[PDB]
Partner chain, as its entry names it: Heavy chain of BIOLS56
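Only one chain is included here, represented as structure tokens and corresponding to the form solved without the partner chain.
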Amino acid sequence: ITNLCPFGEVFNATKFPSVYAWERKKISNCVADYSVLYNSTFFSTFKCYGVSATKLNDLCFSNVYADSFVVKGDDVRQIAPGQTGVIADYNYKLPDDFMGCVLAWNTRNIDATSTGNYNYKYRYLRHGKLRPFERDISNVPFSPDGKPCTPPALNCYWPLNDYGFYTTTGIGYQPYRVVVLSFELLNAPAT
């Protein structure tokens, strides 16, 4: 317990961003103890890939990059290597060689309301798919042929939609907060 990584500042953040404008916090110089989080009843998704799946119950010194965002329940499966879809393509992309953990949990109680929480957004149109860990927070009208235009107009679109999160809909349309952990091993020797 010599300087464990303060994960609670990430997972218990009062406000989470929209998946198109996903945010990263780096937690520096601490022993990743994500094994304590796996133990929790708290998480509906918990998938570690590569070396994070082998060192899952291990304790080691690293920098942790935490990517936070909200998605629909049906969209949570897109936060995985090799996946395609509007979130995977145009919002948040993991590399095929991803070696970290994906954590998600149902946030119906805080991210949905009786009349619909519409504060969270995703992008549905883009010219090309995102590279892994690329981020696009632009709001420029989209057209198939890439010529400038103002909506409303034939073949001219605004690229952002809202999630509509209600307390009446099933888990698939309910809100999920998602945290992606990337671990960066700290080396000792001098430069």
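Numbering follows the first chain given and starts at 1. Rigid core: the largest C-alpha set superposing within 1.5 Å between the two forms.
Per the PDB record, of the two stretches 169-177 and 6-14, 6-14 carries the greater mean B-factor over its C-alpha atoms.
A summary of the deposited B-factors shows that, of 158-166 and 38-46, the stretch with the larger mean C-alpha value is 38-46. For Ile110, the recorded CA temperature factor ranks within the middle third of the chain's modelled residues.
Among the modelled residues of its chain, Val51 has a C-alpha B-factor that falls in the lowest third, as given in the PDB entry. Sort the chain's modelled residues by C-alpha temperature factor and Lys147 lands in the highest third, per the entry. Placement of the Cα temperature factor of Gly100 within the chain: lowest third of the modelled residues, per the deposited record.
Residue-level temperature factors show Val86 in the highest third of its chain, judged at the C-alpha atom.
If you look for the form deposited with the partner chain bound, you will not find it shown, but the lines that follow are about it.
The partner chain in the entry with it bound comes within 4.5 Å of no heavy atom belonging to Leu4. Just a single entry of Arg135, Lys47, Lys55, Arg126 exceeds or equals a 2 Å CA shift between the shown form and the other one, which is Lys55 (rigid core superposed). Positional change of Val70 between the shown form and the other one stays under 2 Å at the C-alpha, relative to the superposed core. Relative to the superposed rigid core, the position of the CA of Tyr34 differs between the shown form and the other one by 2 Å or more. Legend note: Cα of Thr54 to Cα of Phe11 is at least 3 Å closer in the entry with it bound than in the depicted form. Relative to the displayed conformation, the Cα-Cα distance from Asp96 to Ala53 grows by 3 Å or more in the entry with it bound.
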